[PDB]
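A short write-up of the structure that comes next.
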Amino acid sequence: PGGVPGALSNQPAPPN
Amino acid sequence: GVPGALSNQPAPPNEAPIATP
Amino acid sequence: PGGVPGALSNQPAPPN
Amino acid sequence: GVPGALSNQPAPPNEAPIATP
Amino acid sequence: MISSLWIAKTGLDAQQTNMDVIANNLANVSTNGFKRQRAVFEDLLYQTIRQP
Amino acid sequence: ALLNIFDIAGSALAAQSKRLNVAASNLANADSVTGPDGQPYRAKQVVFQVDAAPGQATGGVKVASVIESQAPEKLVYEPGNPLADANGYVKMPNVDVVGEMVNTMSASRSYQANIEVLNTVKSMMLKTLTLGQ
Amino acid sequence: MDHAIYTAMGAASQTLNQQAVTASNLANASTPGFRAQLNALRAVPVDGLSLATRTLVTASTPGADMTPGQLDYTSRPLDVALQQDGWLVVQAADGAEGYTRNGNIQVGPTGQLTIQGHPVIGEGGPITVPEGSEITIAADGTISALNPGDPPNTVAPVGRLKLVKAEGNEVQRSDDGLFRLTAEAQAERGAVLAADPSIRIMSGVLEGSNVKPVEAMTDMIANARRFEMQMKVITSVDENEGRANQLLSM
Amino acid sequence: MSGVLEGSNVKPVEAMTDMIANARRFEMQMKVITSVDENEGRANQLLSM
Amino acid sequence: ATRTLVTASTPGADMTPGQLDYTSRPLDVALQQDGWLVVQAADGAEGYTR
């Protein structure tokens, strides 16, 4: 589907 | 796969890992 | 027919 | 020809030598 | 690290190390059988951007 | 033909957006020490060339490939770094900061010029449809 | 765009290169036997049609500065300083022959003479000194070794340091900091430089770096001003193109 | 060793240089952000008519 | 592939020994380089310190 748009998604995150 | 064209198959999901494992 | 469009083609370089 | 006009042949290659041979 | 803020930082660190050596030499004046230290510096690898 | 101008200017817009993206990526990672594989970040550059395959000399712009620069990686002395080589030297990106800033500004300007070309051609094609009322 | 931005940008980047060279020279203001690098801008004019208006600038390093440096008196018989225009010979990293001015000669446990970890070269090759012996170096490079326990009458020569004469225009600084003969100079003077018997050295004095501070300061001031000037030209060109793009409308 | 106390090992030169680099790196990121924001407006205007 | 993001990480800490002041206290102790004192952590575990 989709998730948080903008800053939170286009930022590297720990794998999970 | 020319960029900007149309393909039957969906694009694979991109990934940006901080570590190789 | 082309190359890097910017800094890396508008600076003097030694010949090849 | 004069600058900005139309010619029948390409301009010569542009090169800037750091030190002349 | 713009290659000029790193080069000068390296020099600052070298001078600080030399000052530490000097301060150690001066503090140990009254000790018995103390051999003074001397700091030796060498420039690192020279990077060749374009050949002559 | 005015219709091919749409493809030409769209190709130019996409290519300049890619160039600006490469410049922004280089500017962001000017101080990166490592990547996921442990290799230093090498400055990326796009390759611009025309696309006029059906028997033409002019057809617009396309990015053939993205290539890493061959200029010398900056060596910094750090013996405690796990990535240091036998001599204790760590490789750091060869990004030219002023070059990437000028690339950003120039890419923005030519992108804007192509936007204006597209708008003008769209206006002309709109006016054409009213030929003779 | 107007490629005038690509001229001022080059002038701004080569200024940062010059600043990186000057800062490297300033970092080595205490390195024993250091030869400062000379930096100079050179103009290259772009050839083509029609009107020659573009002339780019690149930073070049025309050799190094050979001006004899400062002499610190350290009462150590192994630290030697060379006469002006004189060079000590050591064995380079890749088994070659290189030149230096650092007289900080060290003696290993096995007895071999070293400079900065490179073996010292005499007329007989690398110099090996009797293990754990006092060393005195003469004015012309002769080495006297005194074996501890034996009387001072035992002092006898062992080997002579190789001292060569080379000007600035003949030598080029290799990537490891050791000077080597340039191609033209090597073709005329041979592969290996013959020892000059007229070279005198002084024992107990160590030569410092010849980094002139006033020239460095002036260079940094000028570099900052030039960089700011190029930035003002770049801004002007960008502003010009931003309006010029309005001609395509309507 | 008894009778002495070990302090911190923070280097001031490294910290000051890092702070200067951080500030002058941010400014560049803010310039790129402004450039992209300015660029998007005319692309958006392209959608008219 | 043109986009390459950057993330800030902390690869451990700096173990260079710091300054040593001389307080005439018999309990103040300093360790040699690459040496650690052992304490009992808050969560019943084992911790090392300088």
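So basically every Cβ, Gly included, is an ideal-geometry build from the backbone, and we count neighbours across all protein chains shown. All of the numbers you see were taken from the coordinates with simple rules; none came from a lab.
Structure values in brief
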{"quantity": "Helix-only CD estimate at 222 nm, as mean residue ellipticity for chain E, using -39500 (n - 2.57) per DSSP H run (n ≥ 4)", "calculated": "-15500 deg cm²/dmol"}
{"quantity": "Neighbourhood net charge (12 Å Cβ-Cβ; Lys/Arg +1, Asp/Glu -1) for G:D175", "calculated": "-1"}
{"quantity": "Between 0 and 90°, nearest 10: helix H:12-45 axis offset from chain H longest Cα axis", "calculated": "10 degrees"}
{"quantity": "Packing-based order for G:158-171, G:85-98, using average beta carbon neighbours within 10 Å, highest first", "calculated": "G:158-171, G:85-98"}
{"quantity": "Using distinct alpha-carbon pairs, which all enter the 1/r mean, Kirkwood radius of the protein assembly as shown in Å", "calculated": "29.8 Å"}
{"quantity": "Peptide-level mean, for F:118-131, of C-beta atoms on other protein chains within 10 Å", "calculated": "2"}
{"quantity": "Charge dipole of chain H about the Cα centre (unit charges at C-beta), most positive-ward option of H:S35, H:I20, H:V10", "calculated": "H:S35"}
{"quantity": "Per-residue mean of C-beta atoms belonging to partner chains within 10 Å, peptide G:240-248", "calculated": "5"}
{"quantity": "Simple label model, 7 Å out from Cα along Cβ direction - G:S50 to G:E131, nm", "calculated": "8.4 nm"}
{"quantity": "Coil-residue trypsin sites (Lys or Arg not before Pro) of segment E:3-52, DSSP, other Cβ within 10 Å capped at 12", "calculated": "E:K35, E:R36"}
{"quantity": "Dipole moment magnitude, nearest 20 debye, segment G:84-241 about Cα centre, only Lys, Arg, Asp, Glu C-beta charged", "calculated": "380 debye"}
{"quantity": "Listed residue (G:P197, A:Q11, G:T142) projecting farthest to the positive dipole end of the protein assembly as shown, Cβ model", "calculated": "A:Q11"}
{"quantity": "Residues whose placed amide H lies under 5 Å from that of G:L71, excluding near-sequence neighbours", "calculated": "G:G208"}
{"quantity": "Order by protection proxy (mean Cβ within 10 Å, highest first), peptides G:172-182, A:6-16, F:81-91, G:12-22", "calculated": "G:12-22, G:172-182, F:81-91, A:6-16"}
{"quantity": "20 Å Cα-Cα reach of F:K62 towards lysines, excluding residues that sit fewer than 8 places from it in its own chain", "calculated": "F:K18, F:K44"}
{"quantity": "Charge-dipole axis of the protein assembly as shown as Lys and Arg at +1 and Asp and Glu at -1 on Cβ define it, positive-most pick from G:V233, I:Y48, G:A187", "calculated": "G:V233"}
{"quantity": "Eligible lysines near G:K212 by straight Cα distance, threshold 24 Å, same-chain separation 8 or greater", "calculated": "E:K9, G:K165"}
{"quantity": "Charge dipole magnitude, Cβ of K and R +1, D and E -1 - chain F, Cα centre, debye nearest 20", "calculated": "540 debye"}
{"quantity": "For chain G: relative contact order, % (alpha-carbon pairs under 8 angstrom, 6 or more apart)", "calculated": "27 percent"}
{"quantity": "Magnitude of the charge dipole, the protein assembly as shown, Cβ model with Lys/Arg +1 and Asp/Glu -1, debye to 20", "calculated": "1380 debye"}
{"quantity": "Label point distance in nm, F:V47-G:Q246, each placed 7 Å from Cα along Cα→Cβ", "calculated": "4.0 nm"}
{"quantity": "Shielding by other protein chains, H:37-47, mean Cβ within 10 Å", "calculated": "4"}
